[PDB]
$ cat target25.csv   # CSV, C-alpha atoms
chain,number,residue,atom,x,y,z
A,1393,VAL,CA,-20.3,-8.2,35.1
A,1394,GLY,CA,-20.1,-5.8,38.0
A,1395,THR,CA,-18.5,-2.3,37.6
A,1396,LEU,CA,-17.2,-0.5,40.8
A,1397,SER,CA,-17.1,3.3,40.4
A,1398,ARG,CA,-15.8,6.0,42.8
A,1399,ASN,CA,-16.3,9.8,42.1
A,1400,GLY,CA,-18.1,8.8,38.9
A,1401,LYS,CA,-15.2,7.0,37.2
A,1402,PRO,CA,-14.8,3.2,36.8
A,1403,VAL,CA,-12.2,1.6,39.2
A,1404,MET,CA,-12.6,-2.2,38.5
A,1405,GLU,CA,-14.8,-4.9,36.9
A,1406,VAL,CA,-15.9,-8.1,38.7
A,1407,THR,CA,-16.8,-11.0,36.2
A,1408,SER,CA,-18.7,-13.8,38.0
A,1409,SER,CA,-20.2,-16.8,36.1
A,1410,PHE,CA,-22.9,-19.0,37.9
A,1411,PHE,CA,-24.4,-22.3,36.8
A,1412,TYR,CA,-27.9,-23.6,37.7
A,1413,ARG,CA,-27.7,-27.5,37.3
A,1414,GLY,CA,-30.9,-29.0,35.7
A,1415,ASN,CA,-32.8,-29.3,32.4
A,1416,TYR,CA,-34.0,-26.0,30.7
A,1417,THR,CA,-35.9,-25.4,27.4
A,1418,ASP,CA,-36.5,-21.7,28.1
A,1419,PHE,CA,-34.7,-20.3,25.0
A,1420,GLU,CA,-37.0,-17.2,24.7
A,1421,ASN,CA,-35.3,-15.7,27.9
A,1422,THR,CA,-31.7,-16.6,26.7
A,1423,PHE,CA,-28.9,-14.4,25.1
A,1424,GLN,CA,-25.1,-14.1,24.8
A,1425,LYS,CA,-22.9,-11.1,24.1
A,1426,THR,CA,-19.3,-12.4,23.4
A,1427,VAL,CA,-16.4,-10.1,22.5
A,1428,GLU,CA,-14.5,-11.9,19.7
A,1429,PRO,CA,-10.7,-11.9,19.4
A,1430,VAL,CA,-9.3,-9.1,17.2
A,1431,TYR,CA,-8.8,-10.3,13.6
A,1432,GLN,CA,-6.0,-8.9,11.3
A,1433,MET,CA,-6.2,-8.9,7.5
A,1434,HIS,CA,-3.3,-7.8,5.2
A,1435,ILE,CA,-4.9,-6.5,1.9
A,1436,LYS,CA,-2.3,-7.5,-0.7
A,1437,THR,CA,-4.3,-7.7,-4.0
A,1438,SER,CA,-7.4,-6.1,-5.7
A,1439,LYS,CA,-9.5,-9.3,-5.3
A,1440,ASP,CA,-9.0,-9.1,-1.4
A,1441,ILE,CA,-10.6,-5.6,-1.7
A,1442,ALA,CA,-13.4,-6.9,-4.0
A,1443,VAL,CA,-14.3,-10.0,-1.7
A,1444,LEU,CA,-14.5,-7.4,1.1
A,1445,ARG,CA,-16.8,-5.0,-1.0
A,1446,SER,CA,-18.9,-8.2,-1.7
A,1447,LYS,CA,-19.9,-8.3,2.1
A,1448,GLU,CA,-23.0,-6.1,2.8
A,1449,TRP,CA,-21.6,-5.9,6.5
A,1450,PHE,CA,-18.3,-4.0,5.5
A,1451,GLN,CA,-19.5,-0.4,5.8
A,1452,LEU,CA,-16.8,2.3,5.2
A,1453,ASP,CA,-17.1,6.0,6.3
A,1454,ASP,CA,-15.7,7.0,2.9
A,1455,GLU,CA,-16.4,4.2,0.2
A,1456,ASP,CA,-13.6,5.7,-2.0
A,1457,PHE,CA,-10.9,4.9,0.6
A,1458,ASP,CA,-7.9,3.0,-0.9
A,1459,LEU,CA,-7.5,-0.4,0.9
A,1460,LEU,CA,-4.5,-1.7,-1.1
A,1461,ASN,CA,-1.4,-2.8,0.9
A,1462,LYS,CA,-3.1,-1.4,4.1
A,1463,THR,CA,-3.5,-3.7,7.2
A,1464,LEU,CA,-7.1,-3.9,8.7
A,1465,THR,CA,-8.1,-5.0,12.3
A,1466,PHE,CA,-11.7,-6.0,13.0
A,1467,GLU,CA,-12.7,-5.3,16.7
A,1468,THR,CA,-16.0,-7.2,16.9
A,1469,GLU,CA,-18.7,-8.1,19.5
A,1470,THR,CA,-21.6,-10.5,18.6
A,1471,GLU,CA,-25.1,-10.4,20.5
A,1472,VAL,CA,-27.1,-13.6,19.9
A,1473,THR,CA,-30.6,-14.6,21.1
A,1474,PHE,CA,-31.6,-18.3,20.7
A,1475,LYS,CA,-34.4,-20.6,19.3
A,1476,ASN,CA,-32.9,-24.0,20.3
A,1477,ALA,CA,-29.4,-25.1,21.4
A,1478,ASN,CA,-28.1,-24.9,17.7
A,1479,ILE,CA,-30.2,-22.2,15.8
A,1480,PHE,CA,-29.9,-18.5,16.8
A,1481,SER,CA,-33.2,-16.6,16.5
A,1482,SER,CA,-31.2,-13.4,15.9
A,1483,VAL,CA,-27.5,-12.5,15.3
A,1484,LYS,CA,-25.8,-9.1,15.6
A,1485,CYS,CA,-22.0,-8.5,14.9
A,1486,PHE,CA,-20.7,-4.9,15.1
A,1487,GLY,CA,-17.8,-2.7,16.2
A,1488,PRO,CA,-15.1,-0.8,14.3
A,1489,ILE,CA,-12.7,-1.7,11.4
A,1490,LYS,CA,-9.3,0.0,11.9
A,1491,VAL,CA,-6.3,0.6,9.5
A,1492,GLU,CA,-2.6,0.5,10.7
A,1493,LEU,CA,-0.9,3.9,9.9
A,1494,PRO,CA,2.9,4.1,9.2
A,1495,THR,CA,3.4,4.9,13.0
A,1496,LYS,CA,1.7,1.5,13.8
A,1497,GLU,CA,-1.1,3.5,15.6
A,1498,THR,CA,-4.6,2.2,14.3
A,1499,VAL,CA,-7.5,4.5,13.3
A,1500,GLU,CA,-11.3,3.8,12.7
A,1501,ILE,CA,-12.1,3.8,8.9
A,1502,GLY,CA,-15.2,1.5,9.0
A,1503,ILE,CA,-18.0,-0.3,10.8
A,1504,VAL,CA,-19.1,-4.0,10.8
A,1505,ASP,CA,-23.0,-4.0,10.8
A,1506,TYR,CA,-24.2,-7.6,10.3
A,1507,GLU,CA,-27.8,-8.3,11.5
A,1508,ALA,CA,-30.0,-11.5,10.9
A,1509,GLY,CA,-32.9,-13.6,12.0
A,1510,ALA,CA,-32.7,-17.5,12.2
A,1511,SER,CA,-29.0,-18.5,11.7
A,1512,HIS,CA,-26.8,-21.6,12.4
A,1513,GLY,CA,-23.7,-19.3,12.8
A,1514,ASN,CA,-22.0,-15.9,12.6
A,1515,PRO,CA,-20.6,-15.5,9.0
A,1516,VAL,CA,-18.4,-12.5,9.9
A,1517,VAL,CA,-16.2,-14.4,12.4
A,1518,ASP,CA,-16.1,-17.4,10.0
A,1519,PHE,CA,-14.9,-15.0,7.2
A,1520,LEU,CA,-12.2,-13.4,9.4
A,1521,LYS,CA,-10.9,-16.8,10.8
A,1522,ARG,CA,-10.1,-18.1,7.3
A,1523,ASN,CA,-9.1,-14.8,5.6
A,1524,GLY,CA,-7.5,-13.0,8.6
B,921,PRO,CA,11.0,-11.3,-54.4
B,922,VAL,CA,7.4,-11.2,-53.0
B,923,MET,CA,6.7,-9.9,-49.4
B,924,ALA,CA,3.1,-10.9,-48.6
B,925,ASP,CA,1.6,-9.2,-45.4
B,926,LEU,CA,-1.0,-11.7,-44.1
B,927,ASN,CA,-1.0,-9.8,-40.7
B,928,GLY,CA,-4.5,-8.5,-40.5
B,929,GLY,CA,-3.9,-4.8,-39.6
B,930,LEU,CA,-2.0,-5.6,-36.3
B,931,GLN,CA,0.8,-3.2,-37.6
B,932,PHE,CA,-1.7,-0.3,-36.8
B,933,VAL,CA,-2.6,-1.2,-33.2
B,934,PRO,CA,0.1,0.8,-31.4
B,935,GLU,CA,2.0,-0.5,-28.3
B,936,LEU,CA,0.7,-4.0,-28.9
B,937,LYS,CA,2.7,-5.7,-26.1
B,938,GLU,CA,1.1,-3.5,-23.3
B,939,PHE,CA,-2.3,-3.6,-25.1
B,940,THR,CA,-2.3,-7.5,-25.3
B,941,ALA,CA,-1.2,-7.6,-21.6
B,942,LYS,CA,-4.0,-5.2,-20.5
B,943,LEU,CA,-6.7,-7.4,-22.2
B,944,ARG,CA,-5.1,-10.5,-20.4
B,945,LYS,CA,-5.0,-8.8,-17.0
B,946,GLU,CA,-8.7,-7.7,-17.3
B,947,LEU,CA,-9.9,-11.4,-18.0
B,948,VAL,CA,-7.7,-12.9,-15.2
B,949,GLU,CA,-8.9,-10.2,-12.8
B,950,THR,CA,-12.7,-10.3,-13.8
B,951,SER,CA,-12.5,-14.2,-13.6
B,952,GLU,CA,-10.3,-14.5,-10.4
B,953,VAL,CA,-12.4,-11.8,-8.5
B,954,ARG,CA,-15.7,-13.4,-9.6
B,955,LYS,CA,-14.4,-16.9,-8.5
B,956,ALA,CA,-13.5,-15.7,-5.0
B,957,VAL,CA,-16.7,-13.5,-4.5
B,958,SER,CA,-18.6,-16.8,-5.7
B,959,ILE,CA,-16.8,-19.1,-3.1
B,960,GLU,CA,-17.3,-16.6,-0.1
B,961,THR,CA,-21.1,-16.1,-0.8
B,962,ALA,CA,-21.4,-20.0,-0.8
B,963,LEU,CA,-19.6,-20.2,2.6
B,964,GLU,CA,-21.7,-17.3,4.1
B,965,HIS,CA,-24.9,-19.2,2.9
B,966,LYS,CA,-23.5,-22.5,4.3
B,967,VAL,CA,-22.8,-20.9,7.8
B,968,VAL,CA,-26.2,-19.0,8.1
C,630,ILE,CA,21.9,22.2,-41.2
C,631,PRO,CA,19.9,23.5,-44.2
C,632,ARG,CA,16.2,22.6,-44.0
C,633,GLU,CA,15.1,20.0,-46.6
C,634,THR,CA,18.6,18.3,-46.3
C,635,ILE,CA,19.8,15.3,-44.1
C,636,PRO,CA,23.3,15.6,-42.6
C,637,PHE,CA,25.9,12.8,-43.3
C,638,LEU,CA,26.0,11.9,-39.6
C,639,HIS,CA,22.4,11.8,-38.1
C,640,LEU,CA,20.4,10.1,-35.3
C,641,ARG,CA,17.1,8.5,-36.1
C,642,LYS,CA,13.8,8.2,-34.2
C,643,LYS,CA,11.3,5.3,-34.3
C,644,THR,CA,7.9,6.4,-35.7
C,645,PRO,CA,4.6,4.8,-34.4
C,646,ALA,CA,4.3,2.8,-37.7
C,647,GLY,CA,7.6,1.2,-36.6
C,648,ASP,CA,10.3,2.5,-39.1
C,649,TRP,CA,13.2,4.7,-38.1
C,650,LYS,CA,13.3,8.2,-39.8
C,651,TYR,CA,15.9,11.0,-39.6
C,652,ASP,CA,14.8,13.1,-36.6
C,653,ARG,CA,16.3,16.7,-37.1
C,654,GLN,CA,16.2,17.6,-33.3
C,655,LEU,CA,18.0,14.4,-31.9
C,656,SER,CA,20.5,14.7,-34.8
C,657,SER,CA,21.3,18.4,-33.8
C,658,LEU,CA,22.0,17.4,-30.1
C,659,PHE,CA,24.5,14.7,-31.5
C,660,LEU,CA,26.3,17.1,-34.0
C,661,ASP,CA,26.5,19.9,-31.3
C,662,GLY,CA,28.2,17.4,-29.0
C,663,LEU,CA,30.5,16.5,-31.9
C,664,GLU,CA,31.3,20.3,-32.7
C,665,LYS,CA,32.4,20.7,-29.0
C,666,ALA,CA,34.4,17.4,-29.0
C,667,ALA,CA,36.3,18.9,-32.0
C,668,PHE,CA,37.0,22.4,-30.3
C,669,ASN,CA,37.2,21.6,-26.6
C,670,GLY,CA,37.4,17.7,-26.5
C,671,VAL,CA,35.4,15.0,-24.6
C,672,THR,CA,36.3,13.4,-21.2
C,673,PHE,CA,35.7,9.7,-20.3
C,674,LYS,CA,37.0,10.0,-16.7
C,675,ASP,CA,35.2,7.4,-14.6
C,676,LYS,CA,33.9,5.6,-17.7
C,677,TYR,CA,34.7,1.8,-17.6
C,678,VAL,CA,34.6,0.0,-21.0
$ encode --input "target25.csv" --output "C-alpha cells"
Amino acid sequence: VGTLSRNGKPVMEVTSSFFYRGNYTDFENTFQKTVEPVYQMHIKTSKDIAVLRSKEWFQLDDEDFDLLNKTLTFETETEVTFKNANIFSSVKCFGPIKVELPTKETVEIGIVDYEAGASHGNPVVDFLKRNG
Amino acid sequence: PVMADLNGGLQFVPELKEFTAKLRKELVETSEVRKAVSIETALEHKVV
Amino acid sequence: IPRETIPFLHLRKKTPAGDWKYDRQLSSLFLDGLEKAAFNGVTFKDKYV
C-alpha cells in the first residue's frame, strides 16, 4: 500500500499485490493485516447483552452503558502472524464498537481488544458472522 | 356447613400473580442466558 | 357523614387480605357527585351506551 501526499496531506492510495511463484516454508517472516467487513448487531433481549458481556474482548468505555434496543456496529481489523498454512502463531482483532443514535449518526462507545497465541481462527469474526 | 382452608398461607403473599411471574421470569432468564453463554464459549474454544 | 357510621349508599375498597370494606374517602367523592346531580344535575353528552 503506497500513499501519495502533497503539502503534508494524503491525496491517493495505490494498492499493488505481487506473487512470487515457488514453494515457501518461511512462516516466521509472514503476516497479514485484513480489514474485516463492518458487522451490525440489533440488541433485542437481555441475553444478547449477557452473551456480549461473556466475551473478554468486548471492552466498554462506561461498563454501566444501557445496550438494550440499541444497534451496534463492529469496525474491526485483524493482524495475524503464522506458524504453518493453517495455525496462526498470533491473532489480534481490534477497532471500535459504535452505537446508532436516533439521528442514524454512529458514535464510539467501546473497543474490541482480542489477543492470542497459537489459534486455528479468529473467534470475534466468527461470533459476529453468526450473531450479526 | 364447613369451609376448610387447605391453602397453606398463600392468602398472605400479596400480589401473587406478579410474584409468581417474577419467579418464573428469573428461572427462564437465568437458564436461557446460561445456555447461550455456554454455547458461545464452546464455539470460541472450537475456533481457537 | 357522622364518624363511626356507614352511609346507606357507599363505595368499597379492596383491602390487601382481599375483602372489600367501606372506604370513607371513596364513598364521600360518590355522595358529593350525587349531591350536585340533585341540585345542578348531571350531563351525559357524548356518552354512548
$ interface_residues --input "target25.csv" --of "chain A" --to "chain B" --cutoff "7 Å" --atoms "all atoms listed in the file" --output "PDB file with C-alpha atoms, in the coordinates of the input"
ATOM      1  CA  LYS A1439      -9.500  -9.300  -5.300  1.00  0.00           C
ATOM      2  CA  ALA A1442     -13.400  -6.900  -4.000  1.00  0.00           C
ATOM      3  CA  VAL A1443     -14.300 -10.000  -1.700  1.00  0.00           C
ATOM      4  CA  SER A1446     -18.900  -8.200  -1.700  1.00  0.00           C
ATOM      5  CA  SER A1511     -29.000 -18.500  11.700  1.00  0.00           C
ATOM      6  CA  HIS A1512     -26.800 -21.600  12.400  1.00  0.00           C
ATOM      7  CA  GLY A1513     -23.700 -19.300  12.800  1.00  0.00           C
ATOM      8  CA  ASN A1514     -22.000 -15.900  12.600  1.00  0.00           C
ATOM      9  CA  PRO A1515     -20.600 -15.500   9.000  1.00  0.00           C
TER      10      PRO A1515
END
$ atom_distance --input "target25.csv" --atom1 "atom CA of residue 1478 of chain A" --atom2 "atom CA of residue 1414 of chain A"
18.7 Å
$ atom_distance --input "target25.csv" --atom1 "atom CA of residue 936 of chain B" --atom2 "atom CA of residue 924 of chain B"
21.0 Å
$ atom_distance --input "target25.csv" --atom1 "atom CA of residue 946 of chain B" --atom2 "atom CA of residue 1441 of chain A"
15.9 Å
$ interface_residues --input "target25.csv" --of "chain B" --to "chain C" --cutoff "12 Å" --atoms "only C-alpha atoms" --output "list in words"
residues 929, 930, 931, 932, 933, 934, 935 and 936 of chain B
$ residues_near_point --input "target25.csv" --point "(14.9, 14.4, -38.1)" --cutoff "8 Å" --atoms "all atoms listed in the file" --output "list in words"
residues 635, 639, 640, 641, 642, 650, 651, 652, 653, 654, 655 and 656 of chain C
$ closest_residue --input "target25.csv" --among "A:1485, A:1427, A:1491, A:1472" --to "residue 1457 of chain A" --atoms "only C-alpha atoms"
A:1491
$ residues_near_point --input "target25.csv" --point "(-16.9, 7.6, 9.6)" --cutoff "12 Å" --atoms "all atoms listed in the file" --output "VMD selection string"
chain A and resid 1451 to 1455 1457 1488 to 1490 1499 to 1504
